[PDB]
Protein chains: 2
Amino acid sequence: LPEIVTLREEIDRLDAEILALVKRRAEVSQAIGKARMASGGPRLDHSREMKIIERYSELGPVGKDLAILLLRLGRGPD
Amino acid sequence: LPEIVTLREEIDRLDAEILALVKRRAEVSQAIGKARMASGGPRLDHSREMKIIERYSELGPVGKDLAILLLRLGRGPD
């Protein structure tokens, strides 16, 4: 379709930004993981993680799955 | 942990931006879906969608799943 060329541009721009933000979030999450590890004790703040998941549910059920994936991106490289 | 207070702030800020970007992407994707529907013919550009998925694999295997979820967010509300 010729009339979707500019919509596709916008997608590509959005994806560039999403990827940068997700990468940064993975770095921050991993730093939080390293501080929690270093301190012994729970590897997650479960109440905190559940609240994040509930925020993402504003998007629908796919929103919960997104938060779940972002949670997995916070793991140490394994 | 007291030393993770500012890291948690950064997460919250990143999540605010991720959610706004994902919502916008869902709007654009749905507009592309509506143009494709209106035109009859394939509901997806499969080569295009596969290229998006491959870009997201730069993140790892979780990256492919992310692209997959974003693809589902582009559906008409159902």
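Labels below follow one simple rule: chain letters A, B, ... track the order of the sequence lines, proteins then strands, and each chain is numbered from 1. The analysis underlying the following values was restricted to heavy atoms, covering all of them including side chains, and did not include hydrogens, waters or symmetry mates.
One distance of note links CZ of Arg72(B) with CG of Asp78(B); it measures 12.0 Å at 0.5 Å rounding. Taken from CD1 in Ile52(A) to CZ in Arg8(B), the straight-line distance is 8.0 Å, to the nearest 0.5 Å. Distance check: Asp45(A) CG to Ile32(A) CD1 gives 9.5 Å after rounding to the nearest 0.5 Å. The CG atom of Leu70(B) lies 11.0 Å from the CG atom of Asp65(B); values are rounded to the nearest 0.5 Å. Residue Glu49(B) holds its CD atom at 11.0 Å from CD1 of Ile68(B), rounded to the nearest 0.5 Å.
The pair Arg24(B)-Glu27(B) meets the salt-bridge criterion, since a charged nitrogen lies less than 4.0 angstrom from a carboxylate oxygen. At a threshold of 4.0 Å, the pair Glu9(B)-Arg13(B) counts as salt-bridged, since one of the basic side-chain nitrogens sits closer than that to a carboxylate oxygen.
Cluster membership check: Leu19(B) shares its hydrophobic cluster with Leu69(B), using side-chain heavy-atom separations under 4.5 Å among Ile, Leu, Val, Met, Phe, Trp and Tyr. Residue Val22(B) is grouped with residue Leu59(B) when hydrophobic side chains (ILVMFWY) are merged at heavy-atom distances under 4.5 angstrom, including chains of intermediate members. No continuous path of ILVMFWY side-chain contacts below 4.5 Å connects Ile18(A) to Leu71(A), so the two sit in separate hydrophobic clusters. Grouping the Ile, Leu, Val, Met, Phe, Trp and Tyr side chains by contacts below 4.5 angstrom, directly or via other members, places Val28(B) with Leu1(A).
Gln30(A) contributes a side-chain N or O that, together with a main-chain N or O of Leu73(A), makes up a donor-acceptor pair within less than 3.5 Å. Checked by atom type and distance alone, the side chain of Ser57(B) pairs as donor or acceptor with a backbone atom of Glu54(B) at under 3.5 Å. Using a distance-only test at 3.5 Å, with no hydrogens or angles considered, a donor-acceptor pair links the side chain of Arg55(A) to the main chain of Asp12(B).
Heavy atoms from other residues, nucleotides or ligands lying under 6.0 Å from CZ of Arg48(B) number more than 12.
Contact annotation: the side chain of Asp15(A) never approaches that of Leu21(B) to less than 4.5 Å [non-hydrogen atoms, C-beta and beyond].
Considering every non-hydrogen atom in both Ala35(A) and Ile4(B), the closest pair reads CB-CG2, 3.8 Å. Nearest heavy atom pair, residue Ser29(B) against residue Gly74(B), reads CB-CA, 3.6 Å.
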